[PDB]
Ligand SMILES: Nc1ncnc2c1ncn2[C@@H]1O[C@H](C[C@@H](N)CC[C@H](N)C(=O)O)[C@@H](O)[C@H]1O
Ligand SMILES: Nc1ncnc2c1ncn2[C@@H]1O[C@H](C[C@@H](N)CC[C@H](N)C(=O)O)[C@@H](O)[C@H]1O
Ligand SMILES: O=C(NC[C@@H](O)[C@@H]1Cc2ccccc2CN1)c1ccnc(NC2CCC2)c1
Ligand SMILES: O=C(NC[C@@H](O)[C@@H]1Cc2ccccc2CN1)c1ccnc(NC2CCC2)c1
């Protein structure tokens, strides 16, 4: 395709399925001469990561630390440059054009999450700040310095536009509600929280992974993590719930494995297909049994979960 | 024990003859190893043992193009910082032809045997950078008929007079160590204000590969230097000669010095006390190359016209870590 | 790196409990390994790794007679001078039952696997005589179900006050070395005029055999010592406990000290500058066990109530040669 | 004014250096390895990650590495982590980055003091200082006010302390003092003092007097805006700049442009404006110049 680069960078950072079934890929060059990034669209997920078989592709100024779909054509990127950037898929869906590139963070933007309405987004950074964006106005609505160390993860609630979670190296898990004068609420200190995921049906339930490879289930109202499991031998990088009525939970780690857990956090599936850090997992909206993972080993693996 | 800096590799890469001599040696070896009828079917496995930032890798490739022969290259390097340069060059320029290996040649488990092992592990006194020990741990992955470039090297010694250098060594006294340790260690120095008192004589020789049942890198040499002048002995200048392949050689001996070659300066083995030498007297020096599993060192003593103390016993002042 | 003198082996052979404890451990292990029905058909292969002049060899033989079980003995010893005593005793007393081996346990190619490996390579601080490294190089010739006596050992530390010992260490300043090197090294000392400021706490633990895929003998420990007295910190006393087999143990911890056992005196890790400690304050100490392929050492620092300098960084003042 | 630019994103090293030099900066503080490129040293398969591990030394001349580049330790390196695996990988990675900086001959290398316990970080740095032959400076990035003490009061169930804490407010000086005590006053270890939007009380500032401050870190976010839209500093910030100018510190500008209508070199132009408008040297200072903290043995008068 035109404007698309001939080569894809080795370090695959993100993989996101669209409702129709198209695959969004985020990649960075974390070594060699150039430290840039790239965004890719694959209408055929089996073709990934082959550049000559993509629907669309574009080069970003810097690496892609994180990304998210903004509807069906929008792509919101957390950049190494300190910019939050919105990219838009064109009418024919063969080009990826930049809508905005706003440099509001003073260090790497590590995490981005679109709020329930789809009109606003939350970004977290190594600069310790959390910002709330208005996507149409292309501006920052609010800037929050609640944490005392780098923001590791920001996760917008599935159904409440004013509610989100954040975790940081300051060992805090914050529950946010922007309708309060003091918007954050801290929900004994232990291992650092590294990943967050809201339960898709239980509006007050969420899961968190830690640097020690443990996954824990929390109820915001009760404020107690009575359910936990030692899933990984290393840092829990990501947590992704399946699209099922009774969802399964995918947990990805720096130990290079993927694990699929049930409601009681018991293991149903374990995959060691990756030979480097597993960076993202996306469940297929077309086939709910299919789970796609990306890694720093440039592998796009398609898993059949029983 | 230490890793070389980027700028150290940079200056030595500017040597006007070292690399063209290495290229010429590899070129001659390829023609002698594979005939014209086999030029498109026989792929020679070349291993650059201590590749640095890659100049011997380029010399090997240029030699294979010159010989019109096929080669498969391995670039082994223990310095991980130099490995960064090697892996960036392999991705951008060399490709699949060159396999970069980040390892010590003594610990690397090679996936196949080599036809040719190319290395430049030589010191000013030939074996003082532990080329014998490194190549001994690497010869197991060399074919039974395999060639080592260099094939042999010989160190040379010459007695010298220099009151200037004697004073420079004397000024090297440091706190928190033996007050005479500075006289019991060699120095790399571009000798300038001195008097060579007798023609250099060969000291120690090593050959590669070493197919002897009992390999022993320890050495003991007695040298007798005729002196036809009244003078004062202050130390010994050390030089070397190496046979890269057949007639392709390198030398830092003043009489046979390779032109423009600055990659090695001479070595100086001092003596604690200056020794008076009269016309017609003979300077007798004894040198020992010693070792254990952890280190290598030299011991030396003057036995004529007068005895000196044994210098550096047990490597108390100077050792080269293995 | 050094070999023990004849009289050093002689005095320690007079220990009234060390050997009877070792005998009791071997006795219990033999009964648990071979049942009554197999007492005349099953021959257990016992290896004394670091046999010295042979007291653990006699302890093993006495234990086999006590258990009414059959044993085949190997007495491995790296000290060739101690090997003279072993080979003279084997010819005159033991016979074919005991095979004497003059070798390092890390380099010996055993002709068969052992059921039981018996050793006493412990230092005052348990692992400071490199028992972990020696037994790691010896566990390959131990059966998959094989037992190591001792099975585990733990070092203990306690903060101490002693202006007398501080002065003794201070007086150890030597010429031709760093003027404060004496404070960056441990000393074996029968501590007498001192004040233990807090109860000993466990520091480092090692288990044998070590069946982990990645064996790592390096360690890092943070200890917090409650102090209920006004005082001055001068160093740390080091002790150890060992599990020979199950409930058969040895200890030099003052609270659980094995009676009459003089085979180990405590160790003292000094600090360069005395530290004032007030009633109710906590002494925080950090200890590191460090290593490379050539040596092992400790690094230590006080972080509360005040920080000290890191002691012995890179083993600049003290190392235990491998 | 000797000034530097701090950057945590460097897509192309030659383009970036050229861009910062054009802005008027004398040096660039940058990562030597990609800041997000976490590396495994012990467990397979991540340990066997194919190289290169970073970009080549060939991308710049020897002169450029020696004079224009200040290295930065990667943010994921945590030698004092509560997790054993993180402590071990971080030690191996810290030694790797420090030795790569020594390999390039960097004039200085930035390491952070962002928490109270930096014992293992001090131990690893001390080990590096006493290994091999190199003479690079270590700049410890330490803030006047700890991020935990300057956080917005927006956590409903965790309010910020309103009562004064005299010694508690000087806690970052203790982080520095403890680290340099462990490292046994190495002449190679200095301070890179990070200034924030709200200056602490005078006693907190004065704790830094007599300390080896080599650099002062000025985030773009601490700059106020004037009627013309140019970045400026409050009177209290200017007072601290004049104090640091007497110490001849190197000023480092960190963060993105917060005055987007104006060019980036405007933050630097304000610093040189302050430097040009400082009090001129008096008669005493004209002769005493160059003798600052230089020890002289007193003469034997007789
Ligand atoms: N035992 C060893 N294993 C691997 N590399 C080694 C070993 N000993 C030395 N080297 C490397 O060998 C190189 C020796 C240099 N004199 C040669 C550099 C380069 N090949 C040249 O000709 O310029 C250095 O890069 C050393 O790090
Ligand atoms: N790596 C080694 N290989 C063989 N012997 C060793 C090794 N390390 C230490 N030894 C010997 O082990 C013995 C250790 C002594 N503490 C024990 C002596 C004797 N077994 C006893 O209990 O009295 C000494 O004789 C050492 O020489
Ligand atoms: O003998 C030398 N050093 C060791 C010698 O073994 C050296 C070490 C070395 C290291 C890396 C790459 C190649 C080489 C070449 N072999 C030496 C040291 C300093 N300067 C020299 N020459 C100057 C540079 C401008 C003229 C020579
Ligand atoms: O701790 C001691 N030395 C190390 C220790 O590891 C020691 C070393 C050793 C050496 C050979 C045989 C057995 C042993 C026993 N283990 C020690 C040193 C000097 N004297 C001691 N006790 C005296 C002798 C009269 C009371 C003890």
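Chain B is numbered as in Swiss-Prot; the shown residues are, in order, 316-637.
Header says: X-ray crystallography, 1.9 Å.
Using the three backbone atoms N, Cα and C, a Cβ is placed for every residue, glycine included.
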Item to check | From B:392, B:444, B:467, B:483, the one annotated by Swiss-Prot with B:324, B:333, B:334, B:419, B:420 for S-adenosyl-L-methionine | outcome: B:392
Checklist entry - Can you pick which of B:327, B:540, B:551 Swiss-Prot lists for the same protein site as B:435, B:444? => result B:327
Checklist entry - Long-range same-chain neighbours of residue B:327 (site 'Critical for specifying symmetric addition of methyl groups'), Cβ under 8 Å, sequence gap at least 6? => result B:333, B:578
Next on the checklist: To the nearest Å, how far is the Cα of residue B:444 (protein binding site) from the Cα of residue B:420 (S-adenosyl-L-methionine binding site)?
Outcome noted: 14
Item to check | CB contacts for residue B:444 (protein binding site) [other CB atoms within 10 A, all chains] | outcome: 18
Checklist entry - Long-range same-chain neighbours of residue B:435 (protein binding site), Cβ under 8 Å, sequence gap at least 6? => result B:333, B:337, B:365, B:371
Next on the checklist: Helix, strand or coil by DSSP: which one applies to residue B:324 (S-adenosyl-L-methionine binding site)?
Outcome noted: helix
Item to check | For residue B:324 (S-adenosyl-L-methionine binding site), the number of other Cβ atoms found within 10 Å of its own Cβ | outcome: 19
Item to check | For residue B:419 (S-adenosyl-L-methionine binding site), the number of other Cβ atoms found within 10 Å of its own Cβ | outcome: 15
Next on the checklist: Looking only at the region 'Dimerization' (B:488-494), how are its residues distributed among DSSP helix, strand and coil?
Outcome noted: 0 helix, 0 strand, 7 coil
Checklist entry - Which recorded positions of B:327, B:333, B:334, B:392, B:420 contact ligand 3 in the sense of C-beta under 6 Å? => result B:327
Checklist entry - Three-state secondary structure of residue B:435 (protein binding site) from DSSP? => result coil
Checklist outcome for this item: Those recorded positions among B:327, B:333, B:444 lining ligand 1, judged by a Cβ under 6 Å from any of its atoms, are B:327
